[PDB]
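K.L.:
To start, I am sharing the structure in question, which I have written as structure tokens.
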2 protein chains.
Amino acid sequence: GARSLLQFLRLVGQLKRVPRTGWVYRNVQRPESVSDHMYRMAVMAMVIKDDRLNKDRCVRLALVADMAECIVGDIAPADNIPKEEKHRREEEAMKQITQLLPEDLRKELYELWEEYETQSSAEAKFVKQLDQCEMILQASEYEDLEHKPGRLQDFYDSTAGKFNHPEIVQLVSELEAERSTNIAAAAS
Amino acid sequence: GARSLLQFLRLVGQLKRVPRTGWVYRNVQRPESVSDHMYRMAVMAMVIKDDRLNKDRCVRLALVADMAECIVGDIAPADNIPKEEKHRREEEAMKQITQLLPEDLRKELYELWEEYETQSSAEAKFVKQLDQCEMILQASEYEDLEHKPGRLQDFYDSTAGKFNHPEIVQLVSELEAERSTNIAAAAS
Ligand SMILES: [Mg+2]
Ligand SMILES: [Mg+2]
Ligand SMILES: [Mg+2]
Ligand SMILES: [Mg+2]
Ligand SMILES: [Mg+2]
Ligand SMILES: [Mg+2]
Ligand SMILES: [Mg+2]
Ligand SMILES: [Mg+2]
Ligand SMILES: [Mg+2]
Ligand SMILES: [Mg+2]
């Protein structure tokens with residue numbers, strides 16, 4: 001609403017200054033931001049084929065997935081925040097965020113978030129897998145940068161059984177194969 | 001193409017580690033990444049109304065706009081790279097990047113880039129304004145964080161006359177008004 005839109009964009013801009021917590025807790029130097037994370041998710045929504053999904057909706061879901069974190073921060077499992085409490089803080093943040101927009105936009109964005117957070121669609125479940133896959137890609141990238149192959153194994157373990165999209169699964173298996181030989185190599 | 005898609009995503013992931021040069025050259029501490037920049041552009045494509053534009057195309061344009069920088073880096077005017085040379089390096093990078101994708105995706109992304117870089121559509125000119133507006137928003141955000149109002153005036157000056165979209169113009173004028181009084185305030 002001019003002033004309001006500006007305020008909205010300043011809130012979203014805070015995502016640039018939310019470091020992704022899972023890396024912080026592992027002492028990764030200069031960790032990616034939450035917006036870095038969503039950026040690569042959105043691109044993945046563009047380039048990972050699934051001709052059953054509204055891709056346009058997938059992209060938007062990716063750009064809204066973690067948007068609430070501009071206010072709540074990036075909660076990691078090590079924060080031990082109960083599921084219900086995380087949901088509450090997130091809902092409260094999206095309502096602040098989206099009500100700076102006019103009704104049509106407020107509605108569209110709030111429901112975008114609602115769909116991803118509820119995982120109430122095929123698109124949403126796809127984008128969820130993008131999130132997880134982007135995360136383990138990023139873990140291998142930090143292992144490489146650190147020259148400590150295998151150091152971030154806990155991220156890979158955390159995603160056991162969470163991948164069911166055919167295209168994402170072979171991407172993940174390619175990654176893991178490459179990484180496993182990088183690990184066996186460095187052991188000699 | 002499994003291995004290729006992975007390679008594509010690793011290239012795009014490099015955008016996380018390209019600091020935006022205009023801030024580096026002004027000694028901004030912990031400057032945003034190029035993907036941070038595109039992230040907020042894409043959101044702006046979603047929330048700044050223009051019911052003459054394919055918004056879906058605008059979002060994608062925003063996500064591809066600076067993608068070539070994962071290879072060429074983020075060139076600033078202070079680098080003094082001739083227009084033609086910048087174009088060449090960019091084209092060469094997109095061709096590397098997009099040919100890791102299958103034909104339909106290679107084509108779609110290459111032409112997305114081609115459209116923004118050529119500014120050959122209304123959508124492209126809109127997204128260009130998003131880029132510039134996002135940039136000056138970010139300059140005010142760094143001025144605030146630094147408690148040095150006005151320090152990044154050169155960014156504002158650099159955008160004189162570049163805004164013609166009605167919604168973006170009042171956003172920009174709101175910003176500048178707010179900033180100008182922040183500046184007059186601090187002077188007392
Ligand atoms: Mg998250
Ligand atoms: Mg999170
Ligand atoms: Mg997050
Ligand atoms: Mg979280
Ligand atoms: Mg998370
Ligand atoms: Mg640029
Ligand atoms: Mg640039
Ligand atoms: Mg750039
Ligand atoms: Mg540039
Ligand atoms: Mg630039």
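By order of appearance in the structure tokens: chains A, B, ..., then residues from 1 within every chain, and ligands from 1 in the order shown.
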I need the residues in range 36-177 of chain A that are helix (DSSP H, G or I) according to DSSP; give them as a ChimeraX atom specification.
P.N.:
/A:36-47,55-64,69-72,77-79,83-98,103-118,122-146,153-158,166-177
K.L.:
Store the residues of this selection in a file with C-alpha atoms, as an mmCIF file, in the first residue's frame.
P.N.:
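This went into again06.cif:
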```cif
data_model
loop_
_atom_site.group_PDB
_atom_site.id
_atom_site.type_symbol
_atom_site.label_atom_id
_atom_site.label_comp_id
_atom_site.auth_asym_id
_atom_site.auth_seq_id
_atom_site.Cartn_x
_atom_site.Cartn_y
_atom_site.Cartn_z
ATOM 1 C CA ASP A 36 19.822 -18.364 -0.787
ATOM 2 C CA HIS A 37 18.110 -21.647 0.063
ATOM 3 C CA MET A 38 14.747 -20.644 -1.472
ATOM 4 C CA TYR A 39 16.436 -19.277 -4.558
ATOM 5 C CA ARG A 40 17.887 -22.621 -5.551
ATOM 6 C CA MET A 41 14.628 -24.383 -4.654
ATOM 7 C CA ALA A 42 12.736 -22.159 -7.087
ATOM 8 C CA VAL A 43 15.192 -22.918 -9.870
ATOM 9 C CA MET A 44 14.840 -26.615 -9.134
ATOM 10 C CA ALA A 45 11.054 -26.238 -9.455
ATOM 11 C CA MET A 46 11.820 -24.945 -12.929
ATOM 12 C CA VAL A 47 14.244 -27.606 -14.103
ATOM 13 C CA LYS A 55 5.096 -25.731 -12.165
ATOM 14 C CA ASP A 56 4.137 -22.073 -11.851
ATOM 15 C CA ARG A 57 2.526 -22.920 -8.526
ATOM 16 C CA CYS A 58 5.621 -24.925 -7.540
ATOM 17 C CA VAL A 59 7.907 -21.938 -8.069
ATOM 18 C CA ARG A 60 5.706 -19.677 -5.961
ATOM 19 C CA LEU A 61 5.432 -22.317 -3.247
ATOM 20 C CA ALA A 62 9.252 -22.439 -3.184
ATOM 21 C CA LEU A 63 9.467 -18.669 -2.809
ATOM 22 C CA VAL A 64 6.997 -18.696 0.121
ATOM 23 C CA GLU A 69 11.403 -17.119 8.918
ATOM 24 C CA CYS A 70 11.946 -13.400 8.319
ATOM 25 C CA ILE A 71 10.150 -13.043 11.628
ATOM 26 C CA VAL A 72 10.390 -16.400 13.415
ATOM 27 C CA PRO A 77 15.529 -29.658 15.192
ATOM 28 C CA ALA A 78 18.255 -28.877 17.777
ATOM 29 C CA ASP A 79 16.115 -25.937 18.955
ATOM 30 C CA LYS A 83 5.656 -28.955 16.183
ATOM 31 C CA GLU A 84 2.545 -27.091 17.398
ATOM 32 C CA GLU A 85 4.542 -24.159 18.745
ATOM 33 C CA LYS A 86 6.481 -23.803 15.440
ATOM 34 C CA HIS A 87 3.211 -23.843 13.558
ATOM 35 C CA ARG A 88 1.771 -21.123 15.800
ATOM 36 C CA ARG A 89 4.761 -18.789 15.490
ATOM 37 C CA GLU A 90 4.737 -19.305 11.699
ATOM 38 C CA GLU A 91 0.996 -18.626 11.290
ATOM 39 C CA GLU A 92 1.321 -15.467 13.414
ATOM 40 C CA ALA A 93 4.223 -14.295 11.220
ATOM 41 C CA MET A 94 2.521 -14.939 7.862
ATOM 42 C CA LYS A 95 -0.543 -13.046 9.123
ATOM 43 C CA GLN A 96 1.629 -10.027 9.981
ATOM 44 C CA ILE A 97 3.494 -10.334 6.699
ATOM 45 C CA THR A 98 0.538 -10.877 4.366
ATOM 46 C CA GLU A 103 -6.637 -8.508 -0.031
ATOM 47 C CA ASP A 104 -6.030 -10.395 -3.296
ATOM 48 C CA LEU A 105 -2.310 -10.620 -2.651
ATOM 49 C CA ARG A 106 -2.714 -11.242 1.092
ATOM 50 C CA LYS A 107 -5.021 -14.139 0.297
ATOM 51 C CA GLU A 108 -2.834 -15.600 -2.459
ATOM 52 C CA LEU A 109 0.357 -15.540 -0.426
ATOM 53 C CA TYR A 110 -1.213 -16.673 2.821
ATOM 54 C CA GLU A 111 -2.789 -19.642 1.062
ATOM 55 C CA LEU A 112 0.462 -20.399 -0.753
ATOM 56 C CA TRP A 113 2.144 -20.704 2.637
ATOM 57 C CA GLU A 114 -0.867 -22.580 4.008
ATOM 58 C CA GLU A 115 -0.590 -25.164 1.224
ATOM 59 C CA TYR A 116 3.117 -25.809 1.665
ATOM 60 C CA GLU A 117 2.969 -25.910 5.458
ATOM 61 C CA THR A 118 -0.048 -28.279 5.341
ATOM 62 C CA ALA A 122 1.111 -32.756 -4.958
ATOM 63 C CA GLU A 123 2.895 -29.495 -5.754
ATOM 64 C CA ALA A 124 3.524 -28.912 -2.050
ATOM 65 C CA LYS A 125 4.952 -32.414 -1.513
ATOM 66 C CA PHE A 126 7.196 -31.907 -4.530
ATOM 67 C CA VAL A 127 8.507 -28.572 -3.235
ATOM 68 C CA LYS A 128 9.087 -30.227 0.162
ATOM 69 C CA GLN A 129 11.396 -32.671 -1.571
ATOM 70 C CA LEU A 130 13.130 -29.803 -3.335
ATOM 71 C CA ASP A 131 13.809 -28.287 0.085
ATOM 72 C CA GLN A 132 15.359 -31.451 1.462
ATOM 73 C CA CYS A 133 17.319 -32.192 -1.712
ATOM 74 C CA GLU A 134 18.633 -28.607 -1.927
ATOM 75 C CA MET A 135 19.770 -29.000 1.666
ATOM 76 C CA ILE A 136 21.816 -32.159 1.127
ATOM 77 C CA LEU A 137 23.321 -30.710 -2.078
ATOM 78 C CA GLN A 138 24.433 -27.772 0.038
ATOM 79 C CA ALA A 139 25.927 -30.109 2.664
ATOM 80 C CA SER A 140 28.111 -31.774 0.025
ATOM 81 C CA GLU A 141 29.115 -28.334 -1.245
ATOM 82 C CA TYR A 142 30.259 -27.341 2.269
ATOM 83 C CA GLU A 143 32.107 -30.658 2.744
ATOM 84 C CA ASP A 144 33.967 -29.926 -0.553
ATOM 85 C CA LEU A 145 34.780 -26.335 0.431
ATOM 86 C CA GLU A 146 36.048 -27.539 3.801
ATOM 87 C CA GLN A 153 26.748 -37.000 7.246
ATOM 88 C CA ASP A 154 23.956 -36.219 9.736
ATOM 89 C CA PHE A 155 22.123 -34.191 7.039
ATOM 90 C CA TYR A 156 22.057 -37.163 4.685
ATOM 91 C CA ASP A 157 20.860 -39.501 7.425
ATOM 92 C CA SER A 158 18.124 -37.051 8.359
ATOM 93 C CA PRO A 166 11.582 -40.350 -9.444
ATOM 94 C CA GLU A 167 13.627 -37.449 -10.830
ATOM 95 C CA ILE A 168 14.658 -36.222 -7.401
ATOM 96 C CA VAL A 169 15.597 -39.737 -6.268
ATOM 97 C CA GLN A 170 18.166 -40.344 -9.004
ATOM 98 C CA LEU A 171 19.521 -36.842 -8.492
ATOM 99 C CA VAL A 172 19.997 -37.766 -4.847
ATOM 100 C CA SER A 173 21.501 -41.147 -5.627
ATOM 101 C CA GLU A 174 23.918 -39.545 -8.098
ATOM 102 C CA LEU A 175 24.975 -37.074 -5.419
ATOM 103 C CA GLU A 176 25.465 -39.789 -2.801
ATOM 104 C CA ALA A 177 27.456 -41.983 -5.193
#
```
K.L.:
Dump the neighbourhood of ligand 4 as JSON, numbers by chain: all residues within 6 Å, distances computed on only C-alpha atoms and all ligand atoms.
P.N.:
{"A": [74, 75, 76]}
K.L.:
Which chains and residue numbers are within 6 Å of ligand 8, counting only C-alpha atoms and all ligand atoms, if I want them as a short mmCIF file (atom, residue, chain, number, x, y, z; two decimals) with C-alpha atoms, in the first residue's frame?
P.N.:
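Writing done, so here's selection_31.cif:
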```cif
data_model
loop_
_atom_site.label_atom_id
_atom_site.label_comp_id
_atom_site.auth_asym_id
_atom_site.auth_seq_id
_atom_site.Cartn_x
_atom_site.Cartn_y
_atom_site.Cartn_z
CA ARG B 20 27.10 -8.36 -4.91
CA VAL B 34 23.53 -12.50 -6.09
CA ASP B 66 21.73 -12.69 -13.07
CA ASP B 74 28.98 -9.83 -10.72
#
```
K.L.:
Can you tell me how far CA of residue 99 in chain B sits from CA of residue 73 in chain B, in Å to one decimal?
P.N.:
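If I compute the distance from CA of residue 99 in chain B to CA of residue 73 in chain B, I get 19.2 Å.
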K.L.:
Ranking B:21, B:54, B:159, B:80 by minimum distance to ligand 7 and counting only C-alpha atoms and all ligand atoms, which one comes first?
P.N.:
B:21
